[PDB]
Structures are given as C-alpha cells and as structure tokens.
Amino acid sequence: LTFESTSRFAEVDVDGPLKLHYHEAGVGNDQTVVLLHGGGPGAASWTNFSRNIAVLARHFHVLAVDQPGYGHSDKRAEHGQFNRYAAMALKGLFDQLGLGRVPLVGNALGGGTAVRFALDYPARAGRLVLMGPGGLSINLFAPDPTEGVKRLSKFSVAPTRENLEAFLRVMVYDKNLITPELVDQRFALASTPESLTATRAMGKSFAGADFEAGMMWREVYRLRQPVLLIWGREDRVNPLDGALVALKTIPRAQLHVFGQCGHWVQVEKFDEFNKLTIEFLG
C-alpha cells in the first residue's frame, strides 16, 4: 500500500465545489471506517496514520480523508466554524460514495470534526474512536490556550523552522521522535502559501459568530452510540482533564489513557491503539 496506490479525489458541495483528497484501502472488506487526522499545519492523512492505515486495512474498508485546509484537499481562505465546515464536506462525501452509517476515527482537530458530524448528522455516524479530541473537550484545570495551542499560534504568526520544531516537540512524550528529517518534511508542507492561508482561517473561526458549534462539550450528552475516548497521559495540546465532561455525559462512553504517551496517540502507542480500535469496531 502506497500513497499513490491509495490516492483518491472527490468533488462535493459546500457553498460550492470543494475538492477532497483521501486514501482508500481494504476494498472488499465489509465494514467501512473513516479516519480524520490531526490539525498540525503540515499534517495530512497519510502522515498522520502511516503506522495505522495498513493495519486497519486488514480488517476494514479504510477511507482516510484529508480535511479541508490540509494535505491535498482544497484550502479555502474563508469558512465558518471549522469543525462544522469540515463536517459539511464529510456529509457531501458520504452522500457521493453511498455511505450510510459509518464509524469514525479522529484525532485532535479531526476528533472535533467527527463529533460535530455525529451531532449535526446524527443518523450518519456509527461508533466513534476519538484520540485527544478537540471540540468535545474542555480543560477544567489547564489554563487556555495550552502550551500546545500557544506554540501553534506562534508558528502561524512567525512560520520558521525553529518555531515549528518547538511545536512538534510538545506533540510527543518521547521527544526523540522529533528528528531533523521530520522537522524539515513538516516545515516544507507547513510554510507553503496554501498552508499559511489555511491556518489563519482556522484559528480565527473558533471565534466568529457561530463559536458555539465548537463548544461541543455542551452537546455530547445527545450522542447515543458507543464512544471510545483515547488519551495520552502527557498530552500537552488537549490535556487529560479535557476528557472529563465527555466521559461523564456520553451515556455509552469509555476512556483509555496511556501513560508515557503524548498528543500523537496513534504514533507513540500505535500497537495498542490499533488493537483497541479493531476490537471496539469489531
């Protein structure tokens, strides 16, 4: 399975044509699962989920979607609350590929989109696996913006290799994962004209006029499906205290916390994460 063998494009309607790029694998497996990646500026499906897509594809029909503003999907300069916007695009995709009720796996920003989708189109979303998810989290103890959020804002204001390395280093517990090669690769994607355009748009929309759409902790008590929250104990972007309202209010919630693991659960604990996901989704 390669980036190229799996690449797919689709055009959907969200206030007009919108191009979405995704990776498809495991065709011929009966149950479809959608993967929604994290929100780093140079993040994409294929980088986010490399230690995962090939494994989940042994069991599932995997659709790993590049969210609007990331990877090879359209990067608009303007949009409403991001999660609601990305949700609208996913709905368009679901309709065009002929999907009914599908389970969603989403980390960080992608988790917020999974949830917003599950709330906005209740019938279209099955079981959810959410890793250090945004949106449904509210940091009861950590002052906001957290260190991770602050370091993303700083890179947006001053897009240097130095500031990007600093951001990447608070994504993981084992800082040795932040190699010169990873820094350079992410930087080349994150500092392009398109990416700078996108990033801006995103942070700002969390405070437009539809800001309530982002405060999903006020709504998750409406969710009727099983939801597996997964957290790294040392998550410095969306810290563990953010899990509490959602664990309490989602009727069929479960929580798994891994010690010695940061914000990139799917990377630092890829084996454990893959197994936990395969079981949860059947």
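Throughout, we count residues from 1 along the sequence that is shown.
The PDB entry reports B-factors from which the mean C-alpha value can be compared for 58-66 and 221-229; the larger average falls on 58-66. Relative to one another, 197-205 and 126-134 have unequal mean CA B-factors, and 197-205 is the one with the higher figure. Per the deposited coordinates, the residue with the largest Cα temperature factor out of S50, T249, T32, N238 is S50.
Each of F117, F141, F187, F211 has a CA temperature factor in the record; the biggest one is found at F211.
Ranked by C-alpha B-factor against the other modelled residues of its chain, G71 falls in the highest third. The entry lists a Cα temperature factor for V267 that places it in the middle third of the chain's modelled residues.
In this PDB entry, the Cα temperature factor of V172 sits in the bottom third of its chain's modelled residues, the lowest group. When the CA B factors of the chain's modelled residues are split into thirds, the value for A77 lands in the highest one. When the CA B factors of the chain's modelled residues are split into thirds, the value for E147 lands in the middle one.
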